[PDB]
Amino acid sequence: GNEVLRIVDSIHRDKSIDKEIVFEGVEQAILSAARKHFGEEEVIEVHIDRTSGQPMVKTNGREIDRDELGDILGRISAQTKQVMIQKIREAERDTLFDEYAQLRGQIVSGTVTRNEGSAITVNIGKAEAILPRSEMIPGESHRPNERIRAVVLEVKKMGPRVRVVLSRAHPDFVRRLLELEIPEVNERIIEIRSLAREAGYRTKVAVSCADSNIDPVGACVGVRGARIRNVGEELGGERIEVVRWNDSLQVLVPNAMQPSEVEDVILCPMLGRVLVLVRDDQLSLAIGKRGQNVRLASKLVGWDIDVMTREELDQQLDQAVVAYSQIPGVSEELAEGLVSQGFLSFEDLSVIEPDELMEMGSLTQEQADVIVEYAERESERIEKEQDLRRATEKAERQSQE
């Protein structure tokens, strides 16, 4: 009876975990002891009264004799010991899973305990969480016994301990921080529609407002744009661009292509690609340093952005027709049809939907597959031909001697 109360207090004082988890653990220990004795045939349930501590064990809804119940309670409480703790830790893991699994995408804070190159262990005080390399903001310094916060990436239960994976590199981290820093966002006045992030470098934010007379970007900017930079400094100097969200790609895409200016926006649904026309002087700015700009603009919009000028597009259309005409089974009319729909290289043709290629050229299943195989081969040959020329230009290292 009260022998159970002695145990639940002893573990609670030692292992430093609350009684309710311990009670559940002891119950599962009694239950397992009851399963082994009575067998798997009868349905078994166990309950321990919290106040008194007296175990209630039922088999198929029926109580069990005090005799056999005494054998069960003495087969557990007696040291043999760590098996019960395995049930208690299993209960703790189940509880911590329930709480943290609902917290996915949400900011959690803690202190750094151990730091290796591969991962960082953070103590949030209920349990130890790990921050892996992939989820880290590059070059950041996190030392033992220091305050740190991040978003919960995922929660899994594997061993008899709960695994909580964090991220400072996830887009959701920026989204949360913006909600905290900008009162218009946490008051729901301004909404964050879309987000595109390269962690530690640049993040594009598309926002909108229910009120049409309200400028959503200007609301986020505020006076000096200080609140936006505050989030950026928390990310280690990550650049944050806030733009205006729109349901039309004729609006949203030029907005996402900022600072660069856009002439024409062409939609190519079959390739899932938006073709953006940009003048020569704006070409470098449109792409970005390593191509960061368009890359982020693509994530933000949800399409594939291909930036070209008008002159090099006209050149691209002419060559694409001649190239596609080389393939037997591709008529000049069908070749022009592909180019008109946004297909330029052989890479684009190889990834075409067979069904769509059949309708456009009035082709059978066999004829469609054959064409695709040509595009695959030709794309592959073009790539290795470029590598050839690239390698033979590297053969000019003999210009030393």
# chains A, B, ... in the order shown; residues from 1 in each chain; ligands from 1

call {"tool": "residues_around", "arguments": {"residues": "region 55-64 of chain A", "least_positions_apart": "4", "cutoff": "10 Å", "atoms": "only C-alpha atoms", "output": "ChimeraX atom specification"}}
result
/A:1-2,4,26-27,30-31,34-35,38,41-50,68-69,73

call {"tool": "residues_around", "arguments": {"residues": "residue 206 (chain A)", "least_positions_apart": "3", "cutoff": "6 Å", "atoms": "only C-alpha atoms", "output": "list in words"}}
result
residues 193, 194, 242, 243, 244 and 245 of chain A

call {"tool": "select_by_dssp", "arguments": {"residues": "region 264-355 of chain A", "states": "alpha helix (DSSP H)", "output": "PyMOL selection string"}}
result
chain A and resi 280-287+292-301+311-325+332-340+346-350+354-355

call {"tool": "closest_residue", "arguments": {"among": "A:263, A:198, A:380, A:90", "to": "residue 28 (chain A)", "atoms": "only C-alpha atoms"}}
result
A:90

call {"tool": "closest_residue", "arguments": {"among": "A:142, A:204, A:397, A:157", "to": "residue 301 (chain A)", "atoms": "only C-alpha atoms"}}
result
A:204

call {"tool": "residues_around", "arguments": {"residues": "region 326-335 of chain A", "least_positions_apart": "3", "cutoff": "12 Å", "atoms": "only C-alpha atoms", "output": "count of residues only"}}
result
38

call {"tool": "select_by_dssp", "arguments": {"residues": "region 186-295 of chain A", "states": "strand (DSSP E or B)", "output": "ChimeraX atom specification"}}
result
/A:190-198,202-209,239-244,264-268,273-277

call {"tool": "residues_around", "arguments": {"residues": "region 222-237 of chain A", "least_positions_apart": "5", "cutoff": "8 Å", "atoms": "only C-alpha atoms", "output": "PyMOL selection string"}}
result
chain A and resi 137+140+174+177-178+181-182+200-201

call {"tool": "closest_residue", "arguments": {"among": "A:149, A:388, A:285, A:246", "to": "residue 192 (chain A)", "atoms": "only C-alpha atoms"}}
result
A:246

call {"tool": "residues_around", "arguments": {"residues": "region 187-190 of chain A", "least_positions_apart": "5", "cutoff": "9 Å", "atoms": "only C-alpha atoms", "output": "PyMOL selection string"}}
result
chain A and resi 179+182+207-211+216-217+219-220

call {"tool": "residues_around", "arguments": {"residues": "residue 129 (chain A)", "least_positions_apart": "6", "cutoff": "8 Å", "atoms": "only C-alpha atoms", "output": "VMD selection string"}}
result
chain A and resid 121 to 123 163 to 166

call {"tool": "atom_distance", "arguments": {"atom1": "CA of residue 76 (chain A)", "atom2": "CA of residue 51 (chain A)"}}
result
20.3 Å

call {"tool": "atom_distance", "arguments": {"atom1": "CA of residue 126 (chain A)", "atom2": "CA of residue 97 (chain A)"}}
result
10.9 Å

call {"tool": "closest_residue", "arguments": {"among": "A:138, A:218, A:160, A:117", "to": "residue 184 (chain A)", "atoms": "only C-alpha atoms"}}
result
A:218
